[PDB]
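So the structure is just underneath, and the comments pick up after that.
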Amino acid sequence: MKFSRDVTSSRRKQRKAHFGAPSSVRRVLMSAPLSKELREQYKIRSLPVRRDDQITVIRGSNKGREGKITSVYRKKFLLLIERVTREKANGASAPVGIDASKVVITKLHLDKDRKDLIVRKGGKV
Amino acid sequence: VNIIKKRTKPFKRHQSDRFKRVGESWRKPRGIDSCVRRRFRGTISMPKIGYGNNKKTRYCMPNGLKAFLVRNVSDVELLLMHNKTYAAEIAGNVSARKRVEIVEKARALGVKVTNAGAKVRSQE
Amino acid sequence: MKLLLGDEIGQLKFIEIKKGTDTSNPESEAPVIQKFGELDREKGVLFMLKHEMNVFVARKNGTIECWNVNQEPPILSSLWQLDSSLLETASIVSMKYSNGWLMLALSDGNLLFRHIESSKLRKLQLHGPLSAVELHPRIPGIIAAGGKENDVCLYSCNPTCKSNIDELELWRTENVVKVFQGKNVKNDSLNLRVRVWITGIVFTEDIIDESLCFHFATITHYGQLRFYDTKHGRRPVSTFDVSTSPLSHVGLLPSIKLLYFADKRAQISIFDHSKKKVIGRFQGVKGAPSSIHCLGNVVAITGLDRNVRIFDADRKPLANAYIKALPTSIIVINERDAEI
Amino acid sequence: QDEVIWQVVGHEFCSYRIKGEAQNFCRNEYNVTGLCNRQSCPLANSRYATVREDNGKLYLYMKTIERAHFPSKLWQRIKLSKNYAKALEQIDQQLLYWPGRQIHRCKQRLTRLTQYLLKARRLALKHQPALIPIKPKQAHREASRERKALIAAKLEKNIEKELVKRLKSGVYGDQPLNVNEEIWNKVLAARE
Amino acid sequence: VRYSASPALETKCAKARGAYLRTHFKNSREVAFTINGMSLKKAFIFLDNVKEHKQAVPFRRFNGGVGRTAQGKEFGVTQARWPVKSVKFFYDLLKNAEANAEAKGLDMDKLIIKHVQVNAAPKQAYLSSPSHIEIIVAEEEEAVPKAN
Amino acid sequence: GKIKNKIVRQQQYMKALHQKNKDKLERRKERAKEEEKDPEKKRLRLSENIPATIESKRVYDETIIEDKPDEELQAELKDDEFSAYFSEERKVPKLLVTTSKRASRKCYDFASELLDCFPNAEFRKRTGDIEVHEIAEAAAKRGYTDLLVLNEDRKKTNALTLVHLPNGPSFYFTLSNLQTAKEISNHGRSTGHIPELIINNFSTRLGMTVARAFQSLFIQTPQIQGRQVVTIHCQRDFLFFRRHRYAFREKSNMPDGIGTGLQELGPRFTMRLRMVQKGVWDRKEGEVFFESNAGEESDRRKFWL
RNA sequence: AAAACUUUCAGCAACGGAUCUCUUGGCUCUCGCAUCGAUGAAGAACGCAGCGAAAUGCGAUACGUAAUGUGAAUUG
RNA sequence: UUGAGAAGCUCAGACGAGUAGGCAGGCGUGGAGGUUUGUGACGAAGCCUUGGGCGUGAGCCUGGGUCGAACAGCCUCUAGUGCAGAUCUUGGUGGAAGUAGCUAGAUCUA
RNA sequence: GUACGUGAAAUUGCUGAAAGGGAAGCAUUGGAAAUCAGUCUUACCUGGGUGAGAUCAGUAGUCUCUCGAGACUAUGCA
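Protein sequences appear in the order of chains C, B, R, H, P and D. The first sequence begins at 1 in our numbering and counts up one residue at a time. The second sequence begins at 126 in our numbering and counts up one residue at a time. The third sequence begins at 250 in our numbering and counts up one residue at a time. The fourth sequence begins at 590 in our numbering and counts up one residue at a time. The fifth sequence begins at 782 in our numbering and counts up one residue at a time. The sixth sequence begins at 930 in our numbering and counts up one residue at a time.
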């Protein structure tokens, strides 16, 4: 149960906040779990996704697939993973969007900003 | 013991066959100048308590049993002692996963099921 | 990997399968089939017990032969023709190797033990209909036989001998007495007798009077996996209903020190005895499995889908191939990859 | 107690009551008759006896007024013999000087629970077809794909294509018996 | 799509469909009724004759306001007209069905108009009545001698 | 789906649909003009732009047979359970058609139509508590070769299991679109002549087993004079059963000019294979040769028969 | 009397948008707060978006510049 | 003799039109508390049906088809709670009618 | 299939069946045609034989309640 009068349990206001969120909020809304190896080595459970991240698809028809994240589609809350495509009528390959919570991060595109993020969120390297 | 029904035709609302806007469900005619209310000759019949059926055979199916709606196996087990008076009737919203287990349970209990062959096939 | 396979038409195929191969995928490298042997249904293969590096092949007509697979092509190292006076109405139900003795148990209960180097044959009469017999690997002179309406009974040649018995004086009919016989479990809830039909036997003491307490497991035609113990009592220690269809084979997994069983509905699964539950299932296997062999991490499943399926100890499909002919047995020759 | 309990449960609200048109039923597991009455209510009857089945064995359950506030020890249980005559006497001995209506209702439940176990054993021996569910999604999928398959089959085009093909190969004798003379003449000239 | 008639399986049927056609619904109902069941080749001649006023389309149901004509004696009545716009639409659809049958490899000498139905499209105080027209052409079904 | 206004996005869709129709029309008219002038660009486009169909884009499986003869495949069929039919013995098939317990009149009408398709095939009403394995063992000693059991419930036949006596494989099908002769437009009256059998599109290895089993029910010496043909056609794993009465005649479609006039005889139905068992049919304790999985049949391009 | 035509019933196809399900909307109540403008307000007009259906944003620095923060997007 | 929902069970006799009006008990709808250790993607709700059943009736249960994500029985609480009419309101749709007629061609035809 | 979830009624087209001297029209009772529910013997009693096993042992243990009441275990199946 929530006891703060500063947070709303209203489904109307929760749905409006999620679907009307700005880009700097959808960066956090699009978070993915880390693999057990990374999770117990970086001391971090989940991180927001990013391009060049290496992920494994965990749920859906494409379950078990792996690949880098070519681009994150924050408008529709979708990830676009390389070689995870669908053939069209004319044979052109249309990429398939995957929710960020349906993948797991097996390798992190480490940067100084993310390295600072790890030590910030109780992590280590 | 034989079930006697005083009437089998339903009581239709007056003038329900002339208009689609007027349903078949029985409505008491409130018109004072209505021939149906005053019960003339040739006018339709009306629901009276005289048509009420025998108390002993009331709610009884033509096979002599009373319907008992069943939603799971627990409902059908209640009829262990009343299998010669009641028939199990599985509800329409009960899935085929549970319809089969109700029918197998009702078989050992010696309970008739009114719709035991619904949403399933057989495999001998 | 490297595995050997036999078919109902009696031909032997030396499959050169390697990891990642899937014939259903058009981009996979086809395995290097090296086929030989007969092409007659009258002498189709029945069993393929792996004598160290040698392979013993049993055929329907009783033409037991030994092949050497250390070199290619394998050559018929030795041949043996079982007397047709024992196969008019019976058939070989199991054939195993223990301490230089080759066993040729039949359905009628006749047991035929053959010495390899000395070519010495000694018969052994046993109980009624036989569907599964097994020899103790560690302890010489131990037989565990069972069949339809015939509970598992343990036959012992050496009473204890306290270390071992020499091979020459083994398997005498006047020295084998049943040191343990199975007692049926209590009647079911409906006061119905639990029917007995033993289908497979395996000694599970490696995964759980000297060398007593014969811990073994049996699988039945009614989908029941029973764990026994000669010390606890003549009744099964624990009984599990692991399938509705009859179980086909049972054995151990040396990689994880566990047990596997298969049924005729094309389901092979690992039973965790410590947790008393089935953990996982070998997915992707279609058609009832004809035979299963395990050698290290790899486990090879072949069956009525005319395919050979390769898994590790964690049910991950290492390899897979299609073999056209209907198989009856499978044997893993080399667990390591071909390039190694 | 009992008359206060019955007024609260029998007439205001019981979570065990199934309200039917001709009768009310009880969802309680400890009710002998399965009906909602004053005499068959296990909650409102401080002294109560019932028979119920556990994994093929029927037991007599009894509770007394003196254990009413110890729910874990409220009901006591004894085994009823598979012999029916001995089972009836077991109820008589354990329920001695209980009202004749309560012994009557316990023996009636023993007969129905014995018949049900008998019928359960006879159903096991018999071979009965297994009921397999009908899946609405798969039926719709197979009905639509069948329509596409039948159209793509082109049965009449393929039947006559094969029938003419085997006419050319002469699967019949010298001249076939299903062909008119003029058609056979056309076949011979064309194929040669 | 699916048509109103249980035929239009691949077996022997060729379909032609026209939706929201800009023609009067009552006129098209009469033209369809005339050419229903008639051979495909004969239908082309009949539609050709109507365009040249050599033949008249008898108006049976919506016969109101249709004058007496001498060209309707073939059909047993005397109320007939010479619609052109409605006949033009049916000519376009019949050619489409004929082309569909030719592409299917159907026998073109036995094609007859097995089913033709005109339905009222959505109306668009001058709300006219557009027409939905569907045409099915199939070969005339024939028998074969049993055994003798 | 950016636009939240229904009317606006309906106007936006129509203006994009019209533009798509227009610009595709311009490129089609231009292509037609430039390819009629040069037939080369026309004859290579047709050979390159072949329309795709489910059959063409069917998933790849190695179980499919090849045109070339293979000794291993033909060595396996010469001693199997169906060998007594195709060998020099030429044992005539004796069929036993039966129904499920307590069948109705409608099941008898389908059975009576089905008995017409099979001369030398007799019906026995299923009585009491005799099981399929018991019928099979009893029918084997009576000289029967194949046993056909029609499953009906709620006054409708919905399944068909055929077993090959005495120990041959048992195939379980599910019937659908059942249609007797009276319900077929322009039907015919079947005669007593032995019908011919044509079997198509059973490419996979599992198709050979089912095609051989279906072939094994028909007498191998068809009566040519009656010119009746029974067709089993497997398209997209659907087996269509039909019986016609053909008659060769002149048609303008075929290059040779001869075509047959089929008149349907009935019954008309479809079979979907659900299970193949090695040995006599025992639903609980049978060796599964094949078991259809509905999950992987959702792939419309993948077929097993 | 069969056809046509008319009527009735049913099947299929149209027509229509009921019903059901939901919903970034409304309505109501309660709570916190005090902040427009001649230093040019509210409003109106006209312009700038590479295209944006409008709508929104912005003001010739025109769907913004500076600074700070997050740290890799934008997206039809 | 088990027949104590004592609000139950049981026995007997008489009686039966009905406007205004009086009185009693029930059916159905939206939401709320409790309950059914309730139903549901193995198909909720809705709709369709010359399928079957129950009730004197309001109504209720169910098979088949369609369908796709929620929903119900029981005790109590609550109310924007039940339609054939109001020259009712909004929407859809008919017969009148291819008529009255108004744009072409030769009163006719389009 | 963007005329896009479900898709009622009024209304319209086609097809099929039936009816039809200037109305329909509903009720009551049956016929005819079509179409449904709608069901069955399968169990009881009495054996005998064979083996089976516990709630049976001229039997031994453990656990939970409270001697004996339930749950099991080993052995015998007289």
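Where is the CB? At the ideal position from N, CA and C, for every residue including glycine.
Query raised in the report: Alpha carbon to alpha carbon, what distance is there between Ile118(C) and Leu80(C)?
Result: Counting from 1 along the first sequence, the entry for residue 80(C) is found at position 80. Counting from 1 along the first sequence, the entry for residue 118(C) is found at position 118. One C-alpha to the other measures close to 25 Å.
Report task. In the DSSP assignment, find the alpha helix (DSSP H) that holds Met943(D) and state where it starts and stops. Result -> Within the sixth sequence, numbered from 1, the residue matching residue 943(D) stands at position 14. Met943(D) -> alpha helix (DSSP H) spans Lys935 to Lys966.
Query raised in the report: Pick from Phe1143(D), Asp952(D) and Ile994(D): whose alpha carbon is nearest that of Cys1046(D)?
Result: Your numbering for residue 1046(D) matches position 117 in the sixth sequence. Measuring from the Cα of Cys1046(D), the nearest candidate turns out to be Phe1143(D).
Query raised in the report: Who are the near neighbours of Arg1230(D) in its chain, counting only those whose CB is closer than 7 Å to its CB and skipping five residues on each side?
Result: Against the sixth sequence, residue 1230(D) aligns to sequence position 301. These residues qualify, in order along the chain: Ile983, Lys986, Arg987 and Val988.
Query raised in the report: Residues of chain D with a CB under 8 Å from the CB of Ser220(B): which are they?
Result: Here the question's residue 220(B) lines up with position 95 in the second sequence. The contacting residues do not exist; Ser220(B) stays about 17 Å from chain D at best.
Report task. My understanding is that residue 79(B) touches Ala213(B), with C-beta atoms under 8 Å, so please give their C-beta distance in whole angstroms. Result -> In this structure chain B extends from 126 to 249, so residue 79(B) is not present and cannot be described.
Query raised in the report: Which word fits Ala393(R), buried or exposed, when buried means at least 16 other C-beta atoms lie within 10 angstroms of its C-beta?
Result: Looking up residue 393(R) in the third sequence gives position 144. Looking at its Cβ environment, which holds 16 or more other Cβ atoms inside 10 Å, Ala393(R) is buried.
Query raised in the report: Does the distance from the CB of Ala1088(D) to the CB of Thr1109(D) come in under 9 Å?
Result: Counted from its first residue, the sixth sequence places residue 1088(D) at position 159. Counted from its first residue, the sixth sequence places residue 1109(D) at position 180. No.
Query raised in the report: Applying the criterion that 16 or more other CB atoms from any shown protein chain within 10 Å of the CB defines a buried residue, is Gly500(R) buried or exposed?
Result: To locate residue 500(R), count along the third sequence from 1; it is residue 251. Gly500(R) should be labelled buried.
Query raised in the report: Does the beta-carbon distance from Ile1064(D) to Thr1027(D) come in below 9 Å?
Result: Reading the sixth sequence from its first residue, position 135 is the one you call residue 1064(D). Reading the sixth sequence from its first residue, position 98 is the one you call residue 1027(D). Their beta carbons are under 9 Å apart, which means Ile1064(D) touches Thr1027(D) by this criterion.
**Report entry** Proximity to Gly1155(D) [Cα-Cα], best of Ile1161(D), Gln948(D), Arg1172(D) and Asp1009(D)
**Finding:** Reading the sixth sequence from its first residue, position 226 is the one you call residue 1155(D). Here the closest residue by C-alpha is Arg1172(D).
**Report entry** Whole-angstrom distance between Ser976(D) and residue 784(H), CA atom to CA atom
**Finding:** Nothing about residue 784(H) can be read from this structure; chain H reaches only from 590 to 781.
Query raised in the report: Residues bridged to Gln860(P) by DSSP?
Result: Translated into the one-based positions of the fifth sequence, residue 860(P) becomes position 79. Answer is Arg849(P), bridged to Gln860(P).
Report task. Output the distance between the C-alpha atoms of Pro765(H) and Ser758(H), rounded to the nearest integer angstrom. Result -> One-based indexing of the fourth sequence puts residue 765(H) at position 176. One-based indexing of the fourth sequence puts residue 758(H) at position 169. The alpha-carbon atoms of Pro765(H) and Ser758(H) are separated by roughly 11 Å.
Report task. Any chance you could list the beta strand (DSSP E) runs of at least 3 consecutive residues sitting entirely within the stretch 656-693 of chain H, in chain order? Result -> 664-668
Query raised in the report: How many Å lie between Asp52(C) and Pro33(C) at the Cα?
Result: In the first sequence, residue 52(C) corresponds to position 52, counting from 1. In the first sequence, residue 33(C) corresponds to position 33, counting from 1. Taking the straight line joining both Cα atoms gives about 16 Å.
Query raised in the report: Quick one: which chain P residues come within Cβ less than 7 Å of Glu745(H)?
Result: Position 156 of the fourth sequence, counting from 1, holds the residue named residue 745(H). In chain order: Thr792.
**Report entry** Reference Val897(P); option with closest CA among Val782(P), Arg798(P), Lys832(P) and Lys793(P)
**Finding:** The count along the fifth sequence starts at 1 and reaches residue 897(P) at position 116. Ranking the options by Cα distance to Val897(P), first place goes to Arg798(P).
Requested in this report: In angstroms with no decimal places, state the Cα-to-Cα distance between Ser333(R) and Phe1131(D).
Outcome: Residue 333(R) sits at position 84 when you count from the first residue of the third sequence. Residue 1131(D) sits at position 202 when you count from the first residue of the sixth sequence. Spanning the two alpha carbons is a distance of roughly 41 Å.
Report task. With 9 Å as the limit, tell me which residues of the stretch 1067-1083 of chain D have their beta carbon closer than that to any beta carbon of chain B; keep them in chain order. Result -> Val1078, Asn1080, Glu1081, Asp1082 and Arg1083
Query - Interface positions of the stretch 1210-1221 of chain D facing chain R (Cβ-Cβ less than 9 Å), listed along the chain - result: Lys1213, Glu1214, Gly1215, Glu1216, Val1217, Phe1218, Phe1219 and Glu1220
Query raised in the report: Just the Cα atoms here: how many angstroms apart are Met943(D) and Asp952(D)?
Result: Counted from its first residue, the sixth sequence places residue 943(D) at position 14. Counted from its first residue, the sixth sequence places residue 952(D) at position 23. Taking the straight line from one Cα to the other gives about 14 Å.
Requested in this report: Look up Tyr784(P) in the DSSP assignment and say whether it is helix, strand or coil.
Outcome: As a working note, residue 784(P) is residue 3 in the fifth sequence. If DSSP states are grouped into helix, strand and coil, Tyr784(P) belongs with coil.
Query raised in the report: Using the rule of at least 16 other Cβ atoms within 10 Å of the residue's Cβ for burial, across every protein chain shown, is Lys966(D) buried or exposed?
Result: Taking the first residue of the sixth sequence as 1, we reach residue 966(D) at position 37. Counting Cβ neighbours within 10 Å, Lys966(D) comes out exposed, since fewer than 16 surround it.
**Report entry** 8 Å Cβ shell around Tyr477(R) - same chain, five flanking residues per side excluded
**Finding:** Indexing the third sequence from 1 puts residue 477(R) at position 228. Cβ within range, chain order: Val401, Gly431, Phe463, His464, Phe465, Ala466, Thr467, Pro485 and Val486.
Query raised in the report: Taking the alpha helix (DSSP H) that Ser23(C) falls in, what are its first and last residues?
Result: Stepping through the first sequence from its first residue, residue 23(C) is reached at position 23. Taken as a continuous stretch (DSSP letters only), the alpha helix (DSSP H) holding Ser23(C) covers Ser23 to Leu29.
Query raised in the report: Roughly how many whole angstroms lie between the Cα atoms of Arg196(B) and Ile227(B)?
Result: Working through the second sequence from its first residue, we reach residue 196(B) at position 71. Working through the second sequence from its first residue, we reach residue 227(B) at position 102. Going by the C-alpha atoms only, they are around 9 Å apart.
Query - Proximal residues of chain H, C-beta to C-beta of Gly189(B) below 9 Å - result: Walking along the second sequence from the start, residue 189(B) turns up at place 64. Within chain H, no C-beta atom comes nearer than 9 Å to that of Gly189(B); the closest sits roughly 13 Å away.
Requested in this report: Helix, strand or coil for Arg1201(D), going by three-state DSSP, please let me know.
Outcome: On the sixth sequence, position 272 is the one that residue 1201(D) refers to. It is a strand residue.
Query - Bounding residues of the alpha helix (DSSP H) (the contiguous stretch that carries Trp595(H)) - result: As a working note, residue 595(H) is residue 6 in the fourth sequence. Note, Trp595(H): alpha helix (DSSP H), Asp591 to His600.
Query raised in the report: Does the count of Cβ pairs from the stretch 676-690 of chain H and the stretch 649-657 of chain H closer than 8 Å reach three?
Result: yes
Query raised in the report: Between which two residues does the alpha helix (DSSP H) containing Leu828(P) stretch?
Result: Counting from 1 along the fifth sequence, the entry for residue 828(P) is found at position 47. Run containing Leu828(P): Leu821 to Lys832, per the alpha helix (DSSP H) assignment.
Report task. Determine the extent of the beta strand (DSSP E) in which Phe520(R) is found, giving its start and end residues. Result -> Working through the third sequence from its first residue, we reach residue 520(R) at position 271. Counting along the chain, the beta strand (DSSP E) containing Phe520(R) begins and ends at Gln516 to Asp521.
Requested in this report: Would you kindly report the start and end of the unbroken alpha helix (DSSP H) that includes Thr1138(D)?
Outcome: Position 209 of the sixth sequence, counting from 1, holds the residue named residue 1138(D). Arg1134 to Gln1144 is the span of the alpha helix (DSSP H), which, as asked, contains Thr1138(D).
Report task. Compare the C-beta of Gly217(B) with all C-beta atoms of chain D and state if any pair is closer than 9 Å. Result -> As a working mapping, residue 217(B) is identified with position 92 in the second sequence. No, its Cβ sits nowhere closer than 9 Å to a Cβ of chain D.
Query raised in the report: Whole alpha helix (DSSP H) runs in the stretch 1026-1088 of chain D with 4 or more residues, listed along the chain?
Result: You should have 1034-1046 and 1061-1069.
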